[PDB]
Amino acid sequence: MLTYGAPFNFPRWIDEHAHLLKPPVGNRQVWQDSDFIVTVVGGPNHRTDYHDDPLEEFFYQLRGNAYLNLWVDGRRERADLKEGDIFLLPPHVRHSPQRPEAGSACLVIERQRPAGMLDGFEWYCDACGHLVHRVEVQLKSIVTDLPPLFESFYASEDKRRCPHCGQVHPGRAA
């Protein structure tokens, strides 16, 4: 049977879920309990964490513009997701998506992770660039698994303290 229902109009779905595609929620998963995790991500949202995804991530910036802060070949880089852009991120490339525009919408597609395949979330020192803190998580449900992780980082000057230069990371904002 059609476990995930019939086809439906995507722009209309996005318009209908617009109140969820802005703070405080910011994103909405299209289908539940599927192998492909299909999400629409709105804005505005800025963040300081880098994601280490053990699988690929596909992006299609449908409305508005956004960008990814990246670590590529040991250097800080930026990949712009201009409206209309698509992009495929290889596994383990550290990325911190920034979504400055209200009313923006990006299709993001990921895969469910098998047991034992973990995701990393990392923060880096603004002063010297050294890794400050890394948490590894078996990512089953983004909504329950992720906010407390970020919250525990922000609340702890110990976790935010750079092991190299001693500078305390600013936490939630930079």
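Only the largest set of C-alpha atoms that superpose within 1.5 Å between the two forms is called the rigid core. We number the residues from 1 along the sequence you see.
Checklist line | Higher-deviation stretch (C-alpha RMS, rigid core fit) in 4 other deposited structures of this protein, choosing from 142 to 150 and 29 to 37 | finding: Result of the core-fitted comparison in 4 other deposited structures of this protein: 142 to 150 deviates more.
Item checked: Positional deviation of Cα atoms in 4 other deposited structures of this protein after core superposition, greater for 162 to 170 or 18 to 26 -> Between 18 to 26 and 162 to 170, the one lying farther away in 4 other deposited structures of this protein is 18 to 26.
Notebook entry, point to check: Going by the B-factors listed in the PDB entry, is the mean over the C-alpha atoms higher for 38 to 46 or for 66 to 74?
Noted result: Mean B over CA atoms: larger for 66 to 74.
Next item on the list: Could you settle it for me: does 90 to 98 or 75 to 83 have the higher average Cα B factor in the PDB entry?
Entry: Per the PDB record, 75 to 83.
Check: With respect to C-alpha B-factor, does residue 119 fall in the lowest, middle or highest third of the chain as deposited?
Finding: For residue 119, the deposited C-alpha B-factor lands in the lowest third.
Notebook entry, point to check: Within this chain, which third does the Cα B-factor at residue 112 fall in: lowest, middle or highest?
Noted result: Residue 112: CA B-factor falls in the middle third of its chain.
Item checked: CA B-factor placement of residue 131, once the chain's modelled residues are sorted into thirds -> Its C-alpha B-factor belongs to the middle third of this chain's values.
Checklist line | Ranked against its chain, the third holding the CA B-factor of residue 7 | finding: Residue 7: CA B-factor falls in the lowest third of its chain.
Item checked: Record-listed C-alpha B factor of residue 26: chain third -> Middle third - that is where residue 26 ends up once the chain's C-alpha B-factors are sorted.
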